[PDB]
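Below sits a lone chain in structure tokens, taken as the form deposited in one PDB entry.
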């Protein structure tokens, strides 16, 4: 959906992306009220291949419509600079948002965030889309604490960017078989990131140390104050046999049960 350049106002540069700046702005189109948008720009000095990779994210995002998936507003391609516009997520990336707010949200709030992420993933799996880079740094958060999946692209990993080892299921590392079940492994890592308020998975371990540890049956321990039932769900996501892991509909169901029976979240390890 091509957007007339005159409908777009850039207000402030708010971050740095893979291909250039990330901005906050306003979109005002005839017959519609003004709305806030995030804007990524691609400025001159790039290869034609880079332009396609940049715009591919908009093509893929535009295939989806779900409250926990970032919404595309449109693109600017018949003019320079090239732009992609989405809904504006006032709290930015989830991992840094939680680090800024360490210990300041309740267990029930954290579970609600995890439920939104799992609902977005349930939708992607139903659409036969495998994310491959599910991580808290790729979840965006709005003013109401709603969490939405971002970072869309179908390009192969370098070995087939590099494979994100700490988030990746062991069969995907070893054999490059990426499936919704490998995204479930990654989702378990995201759960650990959320319940630890943005700690780095596996701390200072090297990538090869992580690979070897997982093969030797190590799994991340419960974060401080984490309900045991949430850590058990993490362990279920981290089963070595991909066919034994829960599927995303089952994950959403488990989180919904916790929200409805919050007394079950009181048990914590000693």
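Residue numbers count along the first chain shown, from 1. Under this definition, the rigid core comprises the largest set of C-alpha atoms superposing within 1.5 Å between the forms.
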Over the set of other compared entries for this protein, does residue 156 lack coordinates in at least a third of them? yes
No coordinates for residue 31 in a third or more of the other PDB entries: yes
Look at the stretch from residue 160 to residue 161 and count the residues of the deposited sequence that the entry does not model, then pick none, 1 to 3, 4 to 9, or 10 or more. 10 or more
Once average C-alpha B-factors are taken from the entry for 147-155 and 121-129, the winner is 147-155
If you average the CA temperature factors over each stretch, which comes out higher, 161-169 or 101-109? 161-169
Which is it among 180, 138, 79, 142: the one with the largest CA B-factor in the entry? 79
Looking at 40, 32, 242, 66, which one carries the largest C-alpha B-factor according to the PDB entry? 32
Residue 24 - which third its CA temperature factor falls in, relative to the rest of the chain: middle
For residue 71, return the chain-relative third of its C-alpha B-factor as stated in the PDB record: lowest, middle or highest. lowest
Within-chain third of residue 251 by Cα B-factor, per the entry: lowest
Grab the CA temperature factor for residue 55 from the record and place it in the lowest, middle or highest third of its chain. highest
Chain-relative C-alpha B factor for residue 237 (record values, thirds): the lowest
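Here the subject shifts to the form deposited in another entry, a form of this protein not shown in this document.
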If you line up the core, which of 232, 56, 239, 207 has a CA that moves 2 Å or more between the shown form and the other one? 56
Given a superposition on the rigid core, I'd like a yes or no on whether residue 10 shifts its C-alpha by 2 Å or more between the shown form and the other one. yes
Cα displacement of residue 67 between the shown form and the other one reaching 2 Å, rigid core superposed: no
For residue 258, is the CA shift between the shown form and the other one at least 2 Å following rigid-core superposition? no
